[PDB]
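Below is one structure, written out as structure tokens; the observations come after it.
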Amino acid sequence: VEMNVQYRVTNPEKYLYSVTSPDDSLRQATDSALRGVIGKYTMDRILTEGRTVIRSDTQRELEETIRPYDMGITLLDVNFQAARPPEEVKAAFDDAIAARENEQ
Amino acid sequence: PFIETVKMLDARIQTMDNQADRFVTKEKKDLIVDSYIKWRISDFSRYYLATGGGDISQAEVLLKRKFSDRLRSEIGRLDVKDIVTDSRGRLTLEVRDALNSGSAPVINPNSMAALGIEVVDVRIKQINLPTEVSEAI
């Protein structure tokens with residue numbers, strides 16, 4: 009799974025005098041929130057149907073997580089990039105599609 | 002002199018093409034999609050502020066990041082037959098509408114209108130299959 013997050017910075021006093029390296033803290037928080045969100049949902053729904061609820065849950069979780077830090081960062085958009093399975097099972101997925109064609 | 006500098010931003014429509022990438026349909030059928038986007042600058046000051054220095058590549062990066070998400074979210078609900086048989090470009094039009102107007106005269110922060118970018122057209126160039134599926138076909 010990969011994810012991209014776009015954010016702005018407001019009230020620079022908070023950004024400068026609250027947390028050391030706020031960007032790294034936000035990256036760690038984003039990774040934690042993404043792990044927590046993906047943990048709850050099943051694989052196939054993440055692959056195909058949940059790609060909208062996954063992002064919606066991740067953005068809310070990140071906003072709730074970075075609240076105590078009181079960093080100056082405000083959040084614009086959290087967008088879900090790709091949730092491809094590993095290559096080894098990707099071979100099996102391609103084999104399944106070829107199996108459908110062979111069945112015909 | 003020596004006080005005012007000038008930055009030039011081209012108002013002509015810019016074309017950004019996406020290389021081959023894999024998408025997952027509703028039946029886990031992997032597809033390889035080539036698509037291009039055409040965008041113009043709406044607010045030159047806002048676009049210059051949002052992208053550091055008004056560089057075109059910086060705006061193209063954000064456009065890529067959002068467009069990939071919306072396109073994957075739209076394809077996830079569709080059949081490969083639904084995608085190939087689509088001739089009115091309904092999914093592309095919906096993707097363009099989502100890119101131009103985001104989700105929450107208010108302007109949503111996740112919309113491209115929050116930046117100085119307006120998407121005028123989204124089209125798909127070619128839809129291919131993985132080499133194994135193509136060989137089976």
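Top line first, the protein sequences correspond to chains A and B. One point on numbering: in our numbering, the residue at position 67 of the first sequence is 75, and numbering is uninterrupted. One point on numbering: in our numbering, the residue at position 109 of the second sequence is 110, and numbering is uninterrupted. Idealized CB from N, CA, C, for every residue including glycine.
Cβ distance (whole Å) where residue 93 of chain B is taken to contact residue 124 of chain B below 8 Å: 6 Å
Alpha carbon of residue 63 of chain A to alpha carbon of residue 99 of chain B, nearest angstrom: Answer to the nearest angstrom: the Cα atoms are 15 Å apart.
Cβ shell of residue 78 of chain A (< 7 Å), same chain only, five flanking positions each side left out: 22 and 26
Residue 86 of chain A, DSSP secondary structure in three states: strand
Three-state secondary structure assigned by DSSP to residue 138 of chain B: coil
Given residue 77 of chain B as reference, the closest of B/60, B/39 and B/23 once Cα atoms are compared: B/23
Per-residue contacts from residue 27 of chain B into chain A (C-beta, under 7 Å): 56
Pick from B/117, B/68 and B/85 that is closest to residue 56 of chain B, judged by C-alpha positions: B/117
Counterpart residues of residue 24 of chain B in DSSP-defined beta bridges: B/32
Nearest-angstrom beta carbon gap, residue 101 of chain A and residue 31 of chain B [assumed within contact, 8 Å]: 7 Å
Rounded straight-line distance, which links the Cα of residue 98 of chain A to that of residue 28 of chain B: 14 Å
Close Cβ partners of residue 19 of chain A (< 7 Å) along its chain, the five nearest in sequence each way excluded: 80
Chain A residues whose Cβ lies nearer than 8 Å to that of residue 120 of chain B: Correct list: empty, because the minimum Cβ distance to chain A is about 15 Å.
Limits of the unbroken alpha helix (DSSP H) element including residue 15 of chain A: Taken as a continuous stretch (DSSP letters only), residue 15 of chain A belongs to no alpha helix (DSSP H), being part of the beta strand (DSSP E) at 10-17.
Opposing strand residues paired with residue 25 of chain A [DSSP bridges]: For residue 25 of chain A, which the question treats as bridged, DSSP gives no partner whatsoever.
Own chain, CB closer than 8 Å to residue 102 of chain B, minus 5 neighbours either side, in chain order: Beyond the five residues adjoining it in sequence on each side, residue 102 of chain B comes within less than 8 Å, by CB distance, of 109, 112 and 114 in the same chain, given in chain order.
Cβ-based burial, residue 97 of chain B [other Cβ within 10 Å; buried from 16]: Buried is the call here.
Neighbouring residues, chain A, relative to residue 107 of chain B (Cβ below 8 Å): Within chain A, no residue comes near residue 107 of chain B; the closest Cβ sits about 15 Å away, beyond 8 Å.
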